[PDB]
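> final.cif is reproduced in full below (mmCIF, C-alpha atoms and all ligand atoms).
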```cif
data_start
#
loop_
_atom_site.label_atom_id
_atom_site.label_comp_id
_atom_site.auth_asym_id
_atom_site.auth_seq_id
_atom_site.Cartn_x
_atom_site.Cartn_y
_atom_site.Cartn_z
CA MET A 1 101.45 58.01 113.14
CA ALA A 2 100.25 54.39 113.53
CA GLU A 3 101.55 52.05 116.28
CA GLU A 4 104.85 53.31 117.56
CA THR A 5 107.37 51.14 119.30
CA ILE A 6 109.88 52.25 121.91
CA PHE A 7 112.18 52.97 118.95
CA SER A 8 109.96 55.97 118.06
CA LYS A 9 110.67 57.40 121.52
CA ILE A 10 114.39 56.77 121.05
CA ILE A 11 114.57 58.56 117.67
CA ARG A 12 112.42 61.48 118.84
CA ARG A 13 114.61 61.81 121.94
CA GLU A 14 111.73 61.16 124.35
CA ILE A 15 113.54 58.43 126.26
CA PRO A 16 117.27 57.93 126.97
CA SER A 17 119.59 56.09 124.54
CA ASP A 18 123.15 56.20 123.24
CA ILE A 19 122.72 57.68 119.76
CA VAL A 20 125.85 57.35 117.67
CA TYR A 21 124.50 58.84 114.44
CA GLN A 22 121.40 60.74 113.34
CA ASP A 23 120.32 62.46 110.11
CA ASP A 24 116.95 63.20 108.41
CA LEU A 25 116.65 59.59 107.28
CA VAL A 26 118.18 57.31 109.92
CA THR A 27 119.17 57.01 113.58
CA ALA A 28 121.79 54.61 114.98
CA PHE A 29 122.07 53.80 118.72
CA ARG A 30 123.87 51.18 120.83
CA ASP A 31 121.90 48.03 121.65
CA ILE A 32 120.77 47.84 125.32
CA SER A 33 121.88 44.19 125.42
CA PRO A 34 124.99 43.89 123.24
CA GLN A 35 125.74 40.51 121.68
CA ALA A 36 129.16 41.51 120.33
CA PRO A 37 131.79 44.12 121.36
CA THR A 38 130.14 46.44 118.80
CA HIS A 39 126.39 46.05 118.66
CA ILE A 40 124.60 49.01 117.13
CA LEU A 41 121.04 49.29 115.82
CA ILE A 42 120.39 51.33 112.67
CA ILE A 43 116.81 52.31 111.95
CA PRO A 44 114.86 54.53 109.52
CA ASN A 45 113.23 57.55 111.17
CA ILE A 46 109.79 56.58 109.88
CA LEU A 47 107.59 53.79 111.22
CA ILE A 48 107.93 50.76 108.98
CA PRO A 49 106.92 47.81 111.20
CA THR A 50 108.57 44.95 109.25
CA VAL A 51 110.57 44.46 106.05
CA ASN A 52 107.28 43.31 104.49
CA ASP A 53 106.05 46.91 104.75
CA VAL A 54 108.78 48.60 102.73
CA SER A 55 107.94 50.65 99.68
CA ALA A 56 109.86 52.28 96.82
CA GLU A 57 109.91 55.72 98.48
CA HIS A 58 111.80 54.18 101.45
CA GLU A 59 114.72 53.04 99.29
CA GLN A 60 116.92 56.07 99.97
CA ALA A 61 116.53 55.65 103.76
CA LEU A 62 117.02 51.87 103.51
CA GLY A 63 120.28 52.48 101.60
CA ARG A 64 121.28 55.16 104.14
CA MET A 65 121.05 52.46 106.83
CA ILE A 66 123.87 50.58 105.09
CA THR A 67 126.14 53.57 104.28
CA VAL A 68 125.69 54.66 107.92
CA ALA A 69 126.61 51.12 109.00
CA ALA A 70 129.85 51.39 107.02
CA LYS A 71 130.65 54.82 108.57
CA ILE A 72 129.99 53.50 112.10
CA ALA A 73 131.97 50.29 111.52
CA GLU A 74 134.98 52.42 110.60
CA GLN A 75 134.54 54.65 113.68
CA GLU A 76 134.24 51.57 115.93
CA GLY A 77 137.50 50.10 114.64
CA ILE A 78 135.87 46.99 113.19
CA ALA A 79 135.80 47.83 109.45
CA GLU A 80 139.02 46.06 108.51
CA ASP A 81 138.58 42.94 110.67
CA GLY A 82 134.93 42.68 109.65
CA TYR A 83 131.33 42.69 110.77
CA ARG A 84 127.84 41.39 110.06
CA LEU A 85 124.59 43.28 109.32
CA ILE A 86 121.36 41.47 110.24
CA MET A 87 117.69 42.31 109.81
CA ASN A 88 115.18 40.04 111.60
CA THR A 89 111.59 39.74 110.38
CA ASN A 90 108.61 38.16 112.19
CA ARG A 91 108.64 34.94 114.17
CA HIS A 92 111.08 32.80 112.17
CA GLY A 93 113.52 35.74 112.12
CA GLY A 94 113.00 36.38 115.85
CA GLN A 95 111.89 40.00 115.48
CA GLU A 96 111.02 41.43 118.92
CA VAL A 97 110.61 45.16 118.12
CA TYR A 98 108.19 45.96 115.29
CA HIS A 99 110.00 48.93 113.72
CA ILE A 100 112.52 47.76 111.10
CA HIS A 101 116.12 47.80 112.13
CA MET A 102 119.51 46.52 111.19
CA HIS A 103 121.97 45.11 113.72
CA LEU A 104 125.62 46.01 113.17
CA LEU A 105 127.72 43.38 114.95
CA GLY A 106 131.51 43.17 115.21
CA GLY A 107 134.67 43.19 117.32
CA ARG A 108 135.39 39.46 117.21
CA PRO A 109 135.09 36.53 114.77
CA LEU A 110 131.33 36.15 114.46
CA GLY A 111 131.14 32.46 113.52
CA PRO A 112 128.46 30.87 111.30
CA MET A 113 125.50 32.87 109.98
CA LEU A 114 123.09 30.27 111.35
CA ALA A 115 123.33 27.60 114.09
CA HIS A 116 124.45 24.33 112.39
CA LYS A 117 123.59 25.55 108.84
CA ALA B 1 138.97 45.36 92.60
CA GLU B 2 138.33 42.39 90.36
CA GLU B 3 134.91 41.05 89.47
CA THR B 4 133.67 37.82 91.01
CA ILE B 5 131.56 35.10 89.39
CA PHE B 6 128.46 37.12 90.39
CA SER B 7 129.24 39.56 87.55
CA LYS B 8 129.09 36.75 84.98
CA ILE B 9 125.75 35.67 86.46
CA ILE B 10 124.34 39.23 86.47
CA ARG B 11 125.21 39.86 82.83
CA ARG B 12 124.04 36.39 81.70
CA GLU B 13 127.51 35.39 80.51
CA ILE B 14 127.13 31.93 82.11
CA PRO B 15 124.00 29.77 82.65
CA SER B 16 121.82 30.72 85.60
CA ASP B 17 118.28 30.79 86.92
CA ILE B 18 117.78 34.39 87.96
CA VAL B 19 114.92 34.87 90.47
CA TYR B 20 114.74 38.66 90.06
CA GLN B 21 116.57 41.25 88.00
CA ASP B 22 116.07 44.94 87.42
CA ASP B 23 118.31 47.92 86.62
CA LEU B 24 119.93 47.83 90.06
CA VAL B 25 119.82 44.36 91.59
CA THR B 26 119.95 40.63 90.71
CA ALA B 27 118.76 37.75 92.90
CA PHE B 28 119.36 33.99 92.66
CA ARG B 29 119.44 30.87 94.85
CA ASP B 30 122.60 30.01 96.81
CA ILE B 31 124.64 27.04 95.61
CA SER B 32 124.78 25.72 99.16
CA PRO B 33 121.43 26.60 100.81
CA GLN B 34 121.40 27.04 104.57
CA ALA B 35 117.58 27.34 104.86
CA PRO B 36 114.61 26.25 102.74
CA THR B 37 114.78 29.75 101.23
CA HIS B 38 118.33 30.92 100.71
CA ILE B 39 118.48 33.62 98.04
CA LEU B 40 121.30 36.08 97.38
CA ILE B 41 120.36 39.68 96.49
CA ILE B 42 123.19 41.58 94.88
CA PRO B 43 123.75 45.04 93.37
CA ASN B 44 124.52 44.88 89.62
CA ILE B 45 127.60 47.07 90.14
CA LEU B 46 130.71 45.59 91.78
CA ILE B 47 131.16 46.94 95.30
CA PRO B 48 133.64 44.52 96.93
CA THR B 49 132.72 45.08 100.60
CA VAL B 50 130.30 47.15 102.66
CA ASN B 51 133.26 49.40 103.49
CA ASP B 52 133.23 50.49 99.84
CA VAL B 53 129.67 51.88 99.66
CA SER B 54 128.91 55.54 99.16
CA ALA B 55 125.95 57.87 98.65
CA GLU B 56 125.60 56.98 94.96
CA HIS B 57 124.92 53.34 95.93
CA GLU B 58 122.02 54.11 98.35
CA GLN B 59 119.26 53.62 95.81
CA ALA B 60 120.62 50.18 94.81
CA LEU B 61 121.21 49.24 98.46
CA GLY B 62 117.62 50.19 99.31
CA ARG B 63 116.45 48.21 96.30
CA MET B 64 118.10 45.11 97.78
CA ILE B 65 115.69 45.33 100.69
CA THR B 66 112.51 46.08 98.73
CA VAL B 67 113.42 43.19 96.42
CA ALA B 68 113.94 40.98 99.47
CA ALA B 69 110.39 41.79 100.61
CA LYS B 70 109.02 40.86 97.17
CA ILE B 71 110.92 37.61 97.03
CA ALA B 72 109.98 36.64 100.61
CA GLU B 73 106.30 37.06 99.67
CA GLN B 74 106.76 34.96 96.50
CA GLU B 75 108.53 32.24 98.51
CA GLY B 76 105.65 31.96 101.00
CA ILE B 77 107.85 32.98 103.92
CA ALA B 78 106.76 36.62 104.49
CA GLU B 79 104.30 35.91 107.31
CA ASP B 80 106.36 33.37 109.24
CA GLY B 81 109.49 35.46 108.74
CA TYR B 82 113.07 35.55 107.58
CA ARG B 83 116.49 37.12 108.08
CA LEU B 84 118.59 39.32 105.85
CA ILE B 85 122.35 39.04 106.44
CA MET B 86 125.39 40.79 104.96
CA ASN B 87 128.86 39.54 105.84
CA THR B 88 131.93 41.76 105.58
CA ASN B 89 135.58 40.67 105.70
CA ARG B 90 137.09 38.02 107.92
CA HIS B 91 135.20 38.45 111.13
CA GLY B 92 131.95 38.45 109.11
CA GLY B 93 133.06 35.38 107.13
CA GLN B 94 132.71 37.00 103.72
CA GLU B 95 133.80 34.65 100.94
CA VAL B 96 132.65 36.39 97.76
CA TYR B 97 133.95 39.93 97.46
CA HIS B 98 130.91 41.51 95.84
CA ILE B 99 128.45 42.77 98.44
CA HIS B 100 125.19 40.92 98.83
CA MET B 101 122.38 40.08 101.20
CA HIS B 102 121.42 36.54 102.14
CA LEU B 103 117.66 36.15 102.36
CA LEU B 104 117.19 33.20 104.70
CA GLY B 105 113.87 31.72 105.71
CA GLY B 106 111.30 28.94 105.67
CA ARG B 107 111.94 27.64 109.19
CA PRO B 108 112.67 29.07 112.65
CA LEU B 109 116.21 30.36 112.16
CA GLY B 110 117.52 30.06 115.74
CA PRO B 111 119.81 32.53 117.53
CA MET B 112 120.84 35.61 115.60
CA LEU B 113 124.47 34.90 116.66
CA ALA B 114 124.97 31.19 117.39
CA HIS B 115 128.67 31.26 118.34
CA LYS B 116 129.48 33.93 120.91
CA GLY B 117 132.71 32.20 121.95
CA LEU B 118 135.23 30.26 119.84
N1 LIG A 201 119.07 50.72 123.07
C1 LIG A 201 117.93 50.01 123.21
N2 LIG A 201 117.82 48.79 122.63
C2 LIG A 201 116.68 48.09 122.78
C3 LIG A 201 115.63 48.61 123.53
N3 LIG A 201 114.64 47.69 123.51
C4 LIG A 201 115.05 46.64 122.77
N4 LIG A 201 116.30 46.89 122.34
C5 LIG A 201 117.13 46.01 121.50
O1 LIG A 201 116.46 45.92 120.24
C6 LIG A 201 116.83 44.68 119.63
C7 LIG A 201 115.59 44.11 118.97
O2 LIG A 201 116.07 43.29 117.91
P1 LIG A 201 115.12 42.19 117.23
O3 LIG A 201 115.13 40.96 118.11
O4 LIG A 201 113.76 42.79 117.06
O5 LIG A 201 115.85 42.01 115.93
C8 LIG A 201 117.33 43.76 120.73
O6 LIG A 201 118.70 43.44 120.46
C9 LIG A 201 117.19 44.58 122.01
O7 LIG A 201 118.29 44.41 122.91
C10 LIG A 201 115.78 49.87 124.12
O8 LIG A 201 114.85 50.38 124.81
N5 LIG A 201 116.92 50.53 123.94
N1 LIG A 202 124.37 30.28 93.19
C1 LIG A 202 125.68 30.43 93.49
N2 LIG A 202 126.06 30.73 94.75
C2 LIG A 202 127.40 30.85 95.00
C3 LIG A 202 128.34 30.67 93.99
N3 LIG A 202 129.57 30.87 94.54
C4 LIG A 202 129.39 31.16 95.84
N4 LIG A 202 128.06 31.13 96.12
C5 LIG A 202 127.43 31.43 97.42
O1 LIG A 202 127.81 32.79 97.69
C6 LIG A 202 127.72 32.97 99.10
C7 LIG A 202 128.80 33.96 99.53
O2 LIG A 202 128.37 34.54 100.75
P1 LIG A 202 129.45 35.22 101.76
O3 LIG A 202 130.12 34.07 102.38
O4 LIG A 202 130.36 36.06 100.91
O5 LIG A 202 128.57 36.05 102.69
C8 LIG A 202 127.83 31.59 99.76
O6 LIG A 202 126.67 31.30 100.57
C9 LIG A 202 128.02 30.65 98.58
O7 LIG A 202 127.44 29.36 98.79
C10 LIG A 202 127.89 30.35 92.71
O8 LIG A 202 128.67 30.15 91.74
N5 LIG A 202 126.57 30.24 92.50
#
```
Let me see the file written as structure tokens.


Amino acid sequence: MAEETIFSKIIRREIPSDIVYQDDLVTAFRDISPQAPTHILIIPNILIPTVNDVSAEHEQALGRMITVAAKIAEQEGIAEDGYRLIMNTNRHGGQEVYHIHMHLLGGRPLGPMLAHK
Amino acid sequence: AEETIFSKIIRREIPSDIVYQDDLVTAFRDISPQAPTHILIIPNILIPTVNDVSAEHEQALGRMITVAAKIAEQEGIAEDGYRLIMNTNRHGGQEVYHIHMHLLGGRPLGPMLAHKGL
């Protein structure tokens, strides 16, 4: 329903990916171009293009993204050392794929949140 | 775990200017803003790190994000865009041990991860 991105094909197993977790609400898969030793994308199974499009009924799935992140971080061996979760929205955020998603990043000291400040 | 200063802010035990508060989440401006919009969105319950979340927290965690969308719209940054960031433990650079999202926006934010080396 509505404009699907390549992430729709990934969740619905219509194109190859490395899925590390999937339930009725979320799917998590390794990033094709990892920016840290662990770089995993966590996405809701429904098509919400940007964070601007979220609604109350999505809250359980949005929360599931974060509990799944914690589960995966532990599996990956990065939970104790630490990690960052990032959601990018629109131009200023640098969003490239218009299906909301969280990046789980870890495996080394990740430095400042933003370049310079 | 012990409560941080965020708990005193949430329960209005010290002066503050709260941007948003409901049953589950509280939002306010960062003391040291890193972007023209820099707002923290925090669950009302103390959860020290993201490692400590569980199923019972999912509603509140989801609420963080729907509240972020509301605040981004109010701030005039929703169209241009913004980032939401949660930092956990050392490698993430967490300083305050009560989980929270940073809503950052109001200008192009640059690389998602600036420092990929030292
Ligand atoms: N696994 C996988 N990752 C993808 C694919 N296409 C884009 N990506 C990843 O999706 C992410 C998009 O993040 P954004 O810049 O929108 O926050 C990028 O890190 C990019 O590497 C794909 O087909 N498969
Ligand atoms: N408004 C406000 N922000 C604070 C206070 N103490 C710490 N902060 C902010 O809390 C944030 C902690 O984020 P962390 O480093 O844990 O991801 C920092 O950006 C810091 O500037 C405070 O008393 N008031």

> Identify, counting all atoms listed in the file, the protein, DNA and RNA residues located within 6 Å of ligand LIG 202 (chain A), and give them as a list in words.

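Checking all atoms listed in the file against ligand LIG 202 (chain A) at 6 Å gives residues 29, 30, 31, 32, 87, 93, 94, 95 and 96 of chain B.
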
> Have a look at B:101, B:83, B:73, B:118 and name the one nearest to chain A; count all atoms listed in the file.

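Closest residue, counting all atoms listed in the file: B:83.
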
> In Å, with one decimal, what is the gap from CA of residue 28 in chain B to CA of residue 108 in chain B?

21.6 Å

> With all atoms listed in the file as the atoms that count, which of B:82, B:97, B:102, B:47 lies nearest to chain A?

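The answer is B:82, which sits nearest to chain A.
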
> With 4 Å of padding per side, what axis-aligned box (centre and edge lengths, Å, one decimal) covers all the listed atoms of ligand LIG 201 (chain A)? Give it as lines of an AutoDock Vina configuration file.


```
center_x = 116.4
center_y = 45.8
center_z = 120.4
size_x = 13.3
size_y = 17.8
size_z = 16.9
```

> Step by step, measure atom-to-atom distances between ligand LIG 201 (chain A) and each residue using only C-alpha atoms and all ligand atoms, keep those at most 10 Å, then write them as a tab-separated table (two decimals) with C-alpha atoms, in the frame of the given file.


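Contents of out-v8.tsv, freshly written:
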```
chain	number	residue	atom	x	y	z
A	5	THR	CA	107.37	51.14	119.30
A	6	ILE	CA	109.88	52.25	121.91
A	7	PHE	CA	112.18	52.97	118.95
A	9	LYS	CA	110.67	57.40	121.52
A	10	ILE	CA	114.39	56.77	121.05
A	15	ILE	CA	113.54	58.43	126.26
A	16	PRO	CA	117.27	57.93	126.97
A	17	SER	CA	119.59	56.09	124.54
A	18	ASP	CA	123.15	56.20	123.24
A	19	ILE	CA	122.72	57.68	119.76
A	28	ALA	CA	121.79	54.61	114.98
A	29	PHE	CA	122.07	53.80	118.72
A	30	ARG	CA	123.87	51.18	120.83
A	31	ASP	CA	121.90	48.03	121.65
A	32	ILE	CA	120.77	47.84	125.32
A	33	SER	CA	121.88	44.19	125.42
A	34	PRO	CA	124.99	43.89	123.24
A	35	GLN	CA	125.74	40.51	121.68
A	39	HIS	CA	126.39	46.05	118.66
A	40	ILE	CA	124.60	49.01	117.13
A	41	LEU	CA	121.04	49.29	115.82
A	50	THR	CA	108.57	44.95	109.25
A	86	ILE	CA	121.36	41.47	110.24
A	87	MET	CA	117.69	42.31	109.81
A	88	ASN	CA	115.18	40.04	111.60
A	89	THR	CA	111.59	39.74	110.38
A	90	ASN	CA	108.61	38.16	112.19
A	91	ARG	CA	108.64	34.94	114.17
A	93	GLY	CA	113.52	35.74	112.12
A	94	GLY	CA	113.00	36.38	115.85
A	95	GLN	CA	111.89	40.00	115.48
A	96	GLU	CA	111.02	41.43	118.92
A	97	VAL	CA	110.61	45.16	118.12
A	98	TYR	CA	108.19	45.96	115.29
A	99	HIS	CA	110.00	48.93	113.72
A	100	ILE	CA	112.52	47.76	111.10
A	101	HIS	CA	116.12	47.80	112.13
A	102	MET	CA	119.51	46.52	111.19
A	103	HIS	CA	121.97	45.11	113.72
B	83	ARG	CA	116.49	37.12	108.08
B	111	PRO	CA	119.81	32.53	117.53
B	112	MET	CA	120.84	35.61	115.60
```

> Neighbourhood query: residues within 12 Å of (124.3, 20.7, 113.6), file coordinates, counting all atoms listed in the file; return as a ChimeraX atom specification.

/A:112,114-117 /B:34,110,114

> Quick one: residues within 8 Å of residue 52 in chain A, all atoms listed in the file counted, chain neighbours fewer than 4 positions away excluded, as a PyMOL selection string?

chain B and resi 69-70+73+78

> Per residue of chain A within 8 Å of chain B, note the shortest atom pair and the distance in Å to one decimal, counting all atoms listed in the file, and order the rows by chain and increasing residue number, as JSON lines.


```
{"residue": "A:35", "atom": "CA", "partner": "B:116", "partner_atom": "CA", "distance": 7.6}
{"residue": "A:36", "atom": "CA", "partner": "B:116", "partner_atom": "CA", "distance": 7.6}
{"residue": "A:51", "atom": "CA", "partner": "B:69", "partner_atom": "CA", "distance": 6.1}
{"residue": "A:52", "atom": "CA", "partner": "B:69", "partner_atom": "CA", "distance": 5.2}
{"residue": "A:53", "atom": "CA", "partner": "B:69", "partner_atom": "CA", "distance": 7.9}
{"residue": "A:54", "atom": "CA", "partner": "B:66", "partner_atom": "CA", "distance": 6.0}
{"residue": "A:55", "atom": "CA", "partner": "B:66", "partner_atom": "CA", "distance": 6.5}
{"residue": "A:56", "atom": "CA", "partner": "B:66", "partner_atom": "CA", "distance": 7.0}
{"residue": "A:58", "atom": "CA", "partner": "B:62", "partner_atom": "CA", "distance": 7.4}
{"residue": "A:59", "atom": "CA", "partner": "B:62", "partner_atom": "CA", "distance": 4.1}
{"residue": "A:60", "atom": "CA", "partner": "B:59", "partner_atom": "CA", "distance": 5.4}
{"residue": "A:61", "atom": "CA", "partner": "B:62", "partner_atom": "CA", "distance": 7.1}
{"residue": "A:62", "atom": "CA", "partner": "B:62", "partner_atom": "CA", "distance": 4.6}
{"residue": "A:63", "atom": "CA", "partner": "B:58", "partner_atom": "CA", "distance": 4.0}
{"residue": "A:64", "atom": "CA", "partner": "B:58", "partner_atom": "CA", "distance": 5.9}
{"residue": "A:66", "atom": "CA", "partner": "B:61", "partner_atom": "CA", "distance": 7.3}
{"residue": "A:67", "atom": "CA", "partner": "B:53", "partner_atom": "CA", "distance": 6.1}
{"residue": "A:70", "atom": "CA", "partner": "B:51", "partner_atom": "CA", "distance": 5.3}
{"residue": "A:71", "atom": "CA", "partner": "B:51", "partner_atom": "CA", "distance": 7.9}
{"residue": "A:74", "atom": "CA", "partner": "B:51", "partner_atom": "CA", "distance": 7.9}
{"residue": "A:79", "atom": "CA", "partner": "B:51", "partner_atom": "CA", "distance": 6.7}
{"residue": "A:80", "atom": "CA", "partner": "B:89", "partner_atom": "CA", "distance": 7.0}
{"residue": "A:81", "atom": "CA", "partner": "B:91", "partner_atom": "CA", "distance": 5.6}
{"residue": "A:82", "atom": "CA", "partner": "B:89", "partner_atom": "CA", "distance": 4.5}
{"residue": "A:83", "atom": "CA", "partner": "B:92", "partner_atom": "CA", "distance": 4.6}
{"residue": "A:84", "atom": "CA", "partner": "B:87", "partner_atom": "CA", "distance": 4.7}
{"residue": "A:85", "atom": "CA", "partner": "B:86", "partner_atom": "CA", "distance": 5.1}
{"residue": "A:86", "atom": "CA", "partner": "B:85", "partner_atom": "CA", "distance": 4.6}
{"residue": "A:87", "atom": "CA", "partner": "B:84", "partner_atom": "CA", "distance": 5.0}
{"residue": "A:88", "atom": "CA", "partner": "B:83", "partner_atom": "CA", "distance": 4.8}
{"residue": "A:89", "atom": "CA", "partner": "B:81", "partner_atom": "CA", "distance": 5.0}
{"residue": "A:90", "atom": "CA", "partner": "B:81", "partner_atom": "CA", "distance": 4.5}
{"residue": "A:91", "atom": "CA", "partner": "B:81", "partner_atom": "CA", "distance": 5.5}
{"residue": "A:92", "atom": "CA", "partner": "B:108", "partner_atom": "CA", "distance": 4.1}
{"residue": "A:93", "atom": "CA", "partner": "B:82", "partner_atom": "CA", "distance": 4.6}
{"residue": "A:94", "atom": "CA", "partner": "B:109", "partner_atom": "CA", "distance": 7.8}
{"residue": "A:106", "atom": "CA", "partner": "B:91", "partner_atom": "CA", "distance": 7.2}
{"residue": "A:107", "atom": "CA", "partner": "B:91", "partner_atom": "CA", "distance": 7.8}
{"residue": "A:108", "atom": "CA", "partner": "B:91", "partner_atom": "CA", "distance": 6.2}
{"residue": "A:109", "atom": "CA", "partner": "B:91", "partner_atom": "CA", "distance": 4.1}
{"residue": "A:110", "atom": "CA", "partner": "B:91", "partner_atom": "CA", "distance": 5.6}
{"residue": "A:111", "atom": "CA", "partner": "B:115", "partner_atom": "CA", "distance": 5.5}
{"residue": "A:112", "atom": "CA", "partner": "B:114", "partner_atom": "CA", "distance": 7.0}
{"residue": "A:113", "atom": "CA", "partner": "B:113", "partner_atom": "CA", "distance": 7.1}
{"residue": "A:114", "atom": "CA", "partner": "B:114", "partner_atom": "CA", "distance": 6.4}
{"residue": "A:115", "atom": "CA", "partner": "B:114", "partner_atom": "CA", "distance": 5.1}
{"residue": "A:117", "atom": "CA", "partner": "B:34", "partner_atom": "CA", "distance": 5.0}
```
